[PDB]
Amino acid sequence: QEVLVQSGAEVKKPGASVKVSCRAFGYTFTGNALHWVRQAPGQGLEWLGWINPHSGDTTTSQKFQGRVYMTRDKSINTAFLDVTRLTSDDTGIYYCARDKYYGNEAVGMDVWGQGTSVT
Amino acid sequence: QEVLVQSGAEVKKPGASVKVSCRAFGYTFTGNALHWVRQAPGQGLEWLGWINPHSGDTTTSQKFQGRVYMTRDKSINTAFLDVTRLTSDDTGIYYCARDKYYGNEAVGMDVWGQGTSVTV
Amino acid sequence: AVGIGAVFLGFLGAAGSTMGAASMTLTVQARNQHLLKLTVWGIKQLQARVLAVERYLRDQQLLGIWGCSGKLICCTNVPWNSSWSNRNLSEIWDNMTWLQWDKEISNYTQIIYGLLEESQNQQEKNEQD
Amino acid sequence: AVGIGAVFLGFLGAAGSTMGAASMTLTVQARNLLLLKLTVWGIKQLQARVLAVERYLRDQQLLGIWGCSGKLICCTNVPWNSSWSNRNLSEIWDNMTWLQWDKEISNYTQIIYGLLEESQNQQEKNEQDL
Amino acid sequence: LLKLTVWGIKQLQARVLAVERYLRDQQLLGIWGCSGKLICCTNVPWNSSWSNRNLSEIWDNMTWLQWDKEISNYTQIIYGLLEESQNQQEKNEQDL
Amino acid sequence: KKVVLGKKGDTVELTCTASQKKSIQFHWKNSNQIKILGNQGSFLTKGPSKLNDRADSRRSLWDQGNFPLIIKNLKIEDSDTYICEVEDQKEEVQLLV
Amino acid sequence: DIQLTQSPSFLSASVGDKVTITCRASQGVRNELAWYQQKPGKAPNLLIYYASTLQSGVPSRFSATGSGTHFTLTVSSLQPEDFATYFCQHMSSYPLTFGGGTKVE
Amino acid sequence: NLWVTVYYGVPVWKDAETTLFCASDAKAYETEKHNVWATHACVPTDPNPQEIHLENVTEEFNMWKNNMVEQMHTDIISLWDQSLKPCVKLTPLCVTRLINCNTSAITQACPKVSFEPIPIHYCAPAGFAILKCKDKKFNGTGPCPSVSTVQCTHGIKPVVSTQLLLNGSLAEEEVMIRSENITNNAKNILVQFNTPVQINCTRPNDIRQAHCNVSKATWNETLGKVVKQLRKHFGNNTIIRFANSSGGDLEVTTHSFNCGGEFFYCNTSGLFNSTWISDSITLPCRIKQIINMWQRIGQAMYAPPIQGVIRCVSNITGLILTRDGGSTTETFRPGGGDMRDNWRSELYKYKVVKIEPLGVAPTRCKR
Ligand SMILES: *[C@@H]1O[C@H](CO)[C@@H](O[C@@H]2O[C@H](CO)[C@@H](O[C@@H]3O[C@H](CO[C@H]4O[C@H](CO)[C@@H](O)[C@H](O)[C@@H]4O)[C@@H](O)[C@H](O[C@H]4O[C@H](CO)[C@@H](O)[C@H](O)[C@@H]4O)[C@@H]3O)[C@H](O)[C@H]2NC(C)=O)[C@H](O)[C@H]1NC(C)=O
Ligand SMILES: *[C@@H]1O[C@H](CO)[C@@H](O[C@@H]2O[C@H](CO)[C@@H](O[C@@H]3O[C@H](CO[C@H]4O[C@H](CO)[C@@H](O)[C@H](O)[C@@H]4O)[C@@H](O)[C@H](O[C@H]4O[C@H](CO)[C@@H](O)[C@H](O)[C@@H]4O)[C@@H]3O)[C@H](O)[C@H]2NC(C)=O)[C@H](O)[C@H]1NC(C)=O
Ligand SMILES: *[C@@H]1O[C@H](CO)[C@@H](O)[C@H](O)[C@H]1NC(C)=O
Ligand SMILES: *[C@@H]1O[C@H](CO)[C@@H](O)[C@H](O)[C@H]1NC(C)=O
Ligand SMILES: *[C@@H]1O[C@H](CO)[C@@H](O)[C@H](O)[C@H]1NC(C)=O
């Protein structure tokens, strides 16, 4: 029942910025932490960042500070992720994942989207 | 002005159950406990038990358990006495009595009704 | 003697009873044409409800200034005068009603209220700092 | 593991959680408890707001009777009698919901309220006066 | 009765709004741990990153307006600390 | 149980008293558990039995608790035991010709 | 960072076999690592959280053990619906990284 | 050794039976005769609905012992007594085996007014809450694991119709079968579809005739879904048959409803006639003036119909069927008529609870 609904696939030129949205259904959006993850084709999973949908605080890895920005909207229950200075290595499929979030800690990602294709 | 009004004279056959009522006037009903006292003709008065009209707690002596029942109704300020399993020894008069009730203890019986006559 | 327990005397039921006996029953006095039916009968009752609520809140605020917040039987730190019609505590707590006790200190209530509200609680919370 | 802070489950949003974690968010469920159209529609909203305020005031007065005015959590002096469905503290605070607890205590709760009203604020008081 | 249904609704609405605002403020104080006290003092230490001066200067040389204009950048962190570090830290140790 | 006498070619009535006095969903069935009649709220409905046009009821007694069954043009086959279901209560009435 | 190495990478197996796959960590992460499966063309699905517990809806024929830096999962009986890619990822410390991939056939 | 602490604001509830206010969407100027009832009893709706999905907690719901059907029912009786004034009323009175009943008769001035249902919400007051079961395969009774707290419901449509459900809500997965007790032969069976069946049922410019068309292919596929779902409960090898009716009054044996301030009595002999084993259909409606009221016991006489065109198109969403249990095959004669069944099928997943945020617990605290 709990699903994540996003926008469509996007094609952008290098040096630009891309925007992806993720909306929650079936659960209270301000209850579980939300992760973002990318996939280049033929590689393994490597991770972007995660955000509390209640406090708005974001956290990103040591090699994407100043590169992506995450915001939230509790009226439409939509999380926005923006990627700046797009290159050829960022082409791939996008996933937003609800963390199970037991004991105020990261546990596992159970609910996923259907993936936003960026090129 | 503080009075107690009881029911009329009841006539009855043995073995069944009978109900009498006592309604209080001239004082607030949930303030003083109510005793029920029986008198046989030609004998002295005899005491059954007593009920707090507020909490609903009833107390009966060691020889009328399951035979004498006591209920209350605070909306119309009444106390109901149910006497079951009537014998030939139970012909007599019923009295409902107001305890004076000083310091949450039994002190004395000051207000008495006109009485209810029952013949079995 | 035998007994069951307490009784419900009424709203103002303990008036006339002794001072210690009415001090245990402070709970019972602290707890207490469709368009035409909603313009004269439906607004006066609402005004009465709002008046009762606002009166209770302002009197509880006057309790809260004295340092008692929301207690029924409160305690404070003010020395009782040898004046203000001082007697032994047995005659005060075992012989007189609350009505006679309020009529006896009818003249001297404002001095006690000024001693409670001013120069004690401000003094105590100055001493806390 | 890594963390970021607390979350906001919502009003009545921790009924499925354990008692040891739903007692930390009593603030959320205590915060939310508090012309023709001018005749008809406005007076119902006004009556609803007055009723909500008066219900909160009655319930806060009932908390203030026991010496527990204002505080969400406070302690009293009655002992936990073992006939009131005794259990270990770990299984009470770690393996139960609050719904199951009020299912398991509901035969005795009026006795708890009467013991809290009769003792404490009428036993700490009338003893401090003498 | 036209004076009752116009001049009565608005005044009652204003009274109800004032009562609700006062009850909300008292509820916030009750969450903060001060149930009915006007001046009340707590367990949160005063971090020096919030701007400190001499005690004579803060308690003798500033109005309340200047202090509220100055501290207004850092007020919500104070409010969250006064909630959590008192009433989630004095509690959960008395329940041991 | 209640047993009633009957004659051929005559109208007979059977009573079924409920506890309270409002209208309650009831039903009349035979021994083969075939519906005869009942009420869907404030109307009357009939069953697929052989007594479809020979079984009516008095409408005004439904506001008094009684739910009677009236049988007209009684025959030799109509001698069964009749079950009245109301307020999870099954009342048995034996009818004979 | 913390490096996660799967072992072995590409597998061939028949229906009904016993298979155990291993994830190794560069640092001790207690038990804070979880096991995922991604089908080709679909989103990854969660199977094991806390390295020993079954996710609700996952069939009981799967299991996962391990401690320190050595974690494994075990499948008792291979099914035609169980042929996809298996991933391991930790969350004890930053960054969050995944395994390089384990495709079974 | 361990003592008692009170907790304020715990998330518990008990089963309550309070009253609710409507809060529908009224325009306060229309002469719809639903809106003039709504503007005198309903406050405006909330444009920001509150929905709080709960954690893993299961609630024991109930359908047939609800206490919002009886609060729907009195409000709809009040609407029909304050909206459609009849010309002649006949209500038996029968002041008390020795009894005789006389029929009273009142005469009222009867106009012809507009009539169309508006969506009506049901919102609980402060302190109470409404639980909604979000399970897509709900049996109707028993436990529900996916409960959710809802401020108040969707817009319900007070449809007045026996024998068929009009303008109703739809199921999610497939056709659902709800009953209090199957193999009882006395309780109605409610059937909820997954697609709406369009019906266009109007009076052309004889005044007591009305052509009332439904599509044959969609009805055939809907009956195929119905027989596929009914074969699960009876052994998957029993051929079933749809009869027309069995006696009764005219307000049960046909499909009776209201369309623009007029009582339509359309036959259903051309719908339930097939037997299922392992382009358009027209219906002869007869518009009436003698009716039996669904609210109480009595008869009602109304006005002649308005000349012109009376047109209404609607969605058939559900059915009320009754088994004929005998001595094999089974027959489903479609009956119904008790109007509580016309609102229990759309209020089937809702519960009213009262919050009691005052708990006691044992801890090791002192003083
Ligand atoms: C319904 O929903 C609720 C909450 O919404 C769920 O409750 C959570 O359950 C999970 C586990 O199912 C809890 O998460 C963790 O529990 C572990 C239990 O410890 C055992 O297992 C680990 C496995 O690694 C072993 O290492 C350990 O030695 C034990 O054998 C612990 O790992 C965690 O608890 C630790 O931290 C807490 C503080 O957070 C301490 O108090 C503990 O003593 C311990 O040190 C961890 O908590 C989770 O905590 C539960 N939520 C809450 C709010 O408590 C239900 O699972 C879910 N389903 C059902 C059916 O009820
Ligand atoms: C209306 O007006 C009356 C005025 O009379 C109120 O007061 C009650 O008065 C009676 C007595 O007239 C109280 O009766 C109790 O008697 C008990 C035993 O009797 C002793 O009486 C005296 C000593 O007081 C001696 O003759 C002798 O020792 C008897 O044995 C006492 O136990 C009662 O309390 C005394 O003892 C306790 C415990 O030691 C002390 O704490 C007390 O202070 C007191 O000294 C009392 O004397 C009756 O209790 C009075 N009612 C009260 C106090 O509420 C009525 O109350 C008032 N209202 C009504 C509704 O009638
Ligand atoms: C007591 O009252 C008198 C007169 O009211 C006053 O002169 C005196 O100072 C008071 N003493 C105390 C200790 O309050
Ligand atoms: C504890 O509960 C039991 C109930 O069976 C009661 O009999 C007993 O008196 C209680 N103990 C107390 C009140 O100390
Ligand atoms: C003091 O405040 C600063 C900024 O507000 C913060 O970075 C620091 O950690 C705080 N230190 C303490 C001891 O509170």
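In this view, residue numbering begins from 1 on each chain in the order the sequence is written and may differ from the entry, while residues that lack coordinates are not shown. Going through the entries in the order they are written, you letter the chains from A and number the ligands from 1. Bear in mind the chains here are only a fraction of a larger assembly, and the values reflect that fraction. With hydrogens and water set aside, each side-chain value is computed from the structure's full complement of heavy atoms. Residues with missing side-chain atoms are left out of burial classes, side-chain pairs and their counts.

In terms of determination method and resolution, the entry is listed under cryo-EM at 3.91 Å.

Chemist: Outline the pairing of strand β24 (residues 350–355) of chain H, supporting the account with residue identities and numerical values.
Modeler: All names here are of chain H. Per-residue accessibility, obtained with a 1.4 Å probe over protein chains only, is compared with the maximum for each type, and a residue is labelled buried under 20%, exposed over 50%, and partly exposed between these values. Starting at the N terminus, helices and strands are each numbered in turn, a helix being any DSSP run of H or I of at least four residues and a strand any DSSP run of E of at least two. By the criterion of burial, β24 is predominantly enclosed, with five of the six residues buried. Being paired, for any two strands, means DSSP has found at least two bridges between them. Sheet topology note: the strand β2 (residues 13–15)/β24 ladder contains three bridges and is antiparallel. Bridging from a neighbouring strand, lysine 14 pairs with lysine 354 of β24. Here five bridges tie strand β7 (residues 128–133) to β24, and the two strands are oriented antiparallel to one another. From the neighbouring strand, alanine 129 faces β24, where its bridge partner is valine 353.

Chemist: Run through the side chain of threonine 84 of chain B, naming residues and quoting values.
Modeler: By secondary structure assignment, the location of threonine 84 of chain B is in strand β8 (residues 78–84). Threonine 84 of chain B has contacts with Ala16, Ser17, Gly66, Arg67 and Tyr69 of chain B, leaving out every residue within four places of it along the chain. We call two residues in contact whenever any of their non-hydrogen atoms come within 4.5 Å of each other.

Chemist: Quick one: what's the story with the environment of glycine 57 of chain G, residue by residue and with numbers?
Modeler: Residues and elements named next belong to chain G. Within the secondary structure layout, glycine 57 lies in the loop between β6 (53–54) and β7 (62–67). Judged by relative accessible area, which is 74%, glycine 57 ranks as exposed. Sequence separation of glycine 57 and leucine 46 is eleven residues, and the distance between their C-alpha atoms is 10.0 Å.

Chemist: Can you tell me about the packing of aromatic side chains, naming the residues and giving the values?
Modeler: For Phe, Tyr and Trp, where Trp contributes only its six-membered ring, two rings pair if their centres lie within 6.5 Å, and the inter-plane angle classes them as stacked under 30 degrees, edge-to-face over 60, or tilted in between. This model, assessed by the stated rule, comprises 32 aromatic pairs over all chains. Measuring from centroid to centroid gives 6.2 Å for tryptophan 47 of chain A and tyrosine 94 of chain G, while their planes differ by 35°, and the two rings are tilted. Of the two residues, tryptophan 47 of chain A sits in strand β4 (residues 46–51) while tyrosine 94 of chain G sits in the loop between β9 (85–90) and β10 (103–104), which places them in two different chains. When its relative accessible area of 34% is taken as the criterion, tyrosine 94 of chain G is described as partly exposed. Every member of this aromatic cluster is reached through a ring pair, and the members are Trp80, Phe115, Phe263, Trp294, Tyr302 and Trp343 of chain H. Comment: the charge-over-ring label is applied if NZ (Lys) or CZ (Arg) is within 6 Å of the ring centre and within 35 degrees of the ring normal. Of note, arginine 67 of chain A hangs over the ring of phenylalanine 64 of chain A, and the distance from its end group to the ring centre comes to 4.7 Å. A cation sits over an aromatic face here: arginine 98 of chain B above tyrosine 27 of chain B, 5.4 Å from the ring centre.

Chemist: Explain the interface of chain H and chain D to me, and be specific about the residues and the numbers.
Modeler: Across the contact, 39 residues belong to chain H and 50 residues belong to chain D. For the side of chain H that touches chain D, the secondary-structure elements that each account for two or more residues are β1 (3–8), β2 and β25 (358–363) of chain H. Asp, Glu, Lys and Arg are counted as charged, while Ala, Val, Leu, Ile, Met, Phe, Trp, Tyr, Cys and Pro are counted as nonpolar; the rest, among them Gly, fall into the polar class. Partitioned by chemical class, the residues of the side of chain H that touches chain D number 26 nonpolar, eight polar and five charged. Across four bridges, strand β1 (residues 73–79) of chain D lies against β1 of chain H in antiparallel orientation. Bridge pairing in β1 of chain H places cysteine 74 of chain D opposite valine 6 of chain H.

Chemist: Give me the UniProt feature "disulfide bond" in chain F: which residues, what numbers.
Modeler: Residues and elements named next belong to chain F. Disulfides are defined as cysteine sulfur pairs within 2.5 Å. UniProt positions are given in the numbering used here, feature names are shortened, and annotations may be inferred rather than shown by experiment. Disulfide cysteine 16/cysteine 84 (UniProt): S-S 2.0 Å, present in this structure. Placement of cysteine 16 in the loop between β2 (12–14) and β3 (27–29) and of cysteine 84 in strand β8 (residues 81–86) is noted, with a sequence separation of 68 residues between them. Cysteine 84 carries the same exposure label as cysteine 16, and that label is buried.

Chemist: Residues and numbers for the nonpolar core, please.
Modeler: In summary, soluble globular proteins display a tendency toward joint burial of nonpolar side chains. By convention a nonpolar core is built from buried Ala, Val, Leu, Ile, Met, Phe, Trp, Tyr and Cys residues, the set being connected through side-chain atoms within 4.5 Å. Counting residues in hydrophobic clusters, the biggest one holds 61 residues, and the most contacted among them are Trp98 and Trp101 of chain D together with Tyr7 and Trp13 of chain H. Non-local contacts of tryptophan 101 of chain D, meaning those with residues more than four positions away in its chain, are made with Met19, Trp80, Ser85, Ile92 and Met96 of chain D together with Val360 and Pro362 of chain H. Within the second largest apolar cluster, 42 residues are counted, among which are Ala124, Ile130, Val160 and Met339 of chain H.

Chemist: Requested: an account of the arrangement of the chains, with residues and values cited.
Modeler: With twelve pairs of chains in contact, the largest contact count belongs to chains D and H. In this assembly chain A lies apart from chain C, the nearest approach of their C-alpha atoms being 35 Å. With respect to C-alpha atoms, chain B approaches chain H no nearer than 23 Å, and the pair has no contact.

Chemist: I'd love a proper account of the site of ligand 1, names of residues and values included.
Modeler: Near ligand 1, the surroundings consist of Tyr102 of chain A, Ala21 of chain D, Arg30, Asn31 and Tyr50 of chain G together with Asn56 of chain H. Residues within reach of ligand 1 are spread across chains A, D, G and H. Expressed as a share of its isolated accessible area of 1,100 Å², the protein-covered part of ligand 1 is 35%. Each residue belonging to the shell around ligand 1 can be placed in one class, and the counts come to three nonpolar, two polar and one charged. Any residue with at least one heavy atom within 4 Å of a molecule or strand is counted as near it. Computed by Shrake-Rupley with a 1.4 Å probe, the accessible areas treat only the displayed protein chains as cover when residues are assessed.

Chemist: Lay out the pattern of salt bridges in plain terms, naming residues and giving numbers.
Modeler: Salt bridge, as used here: a side-chain nitrogen of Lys or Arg that lies within 4 Å of a carboxyl oxygen of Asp or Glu. In the structure shown here, the tally under the stated rule is 28 salt bridges over all chains. Across the pair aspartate 90 of chain B and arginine 38 of chain B runs a salt bridge, and its minimum N-O distance is 2.8 Å. Pair noted here: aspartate 90 of chain B is in the loop between β8 and β9 (92–99) and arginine 38 of chain B is in strand β4 (residues 34–39), with a separation of 52 residues, a long-range link. Notably, a salt bridge pairs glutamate 91 of chain C with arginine 87 of chain C, separated by 3.9 Å at the nearest N-O pair. Since its relative accessible area comes to 36%, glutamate 91 of chain C is described here as partly exposed. By relative accessible area, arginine 87 of chain C is classed as partly exposed at 29%. One salt-bridge network, in which partners are shared between bridges, spans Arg38, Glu46, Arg67 and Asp90 of chain A.

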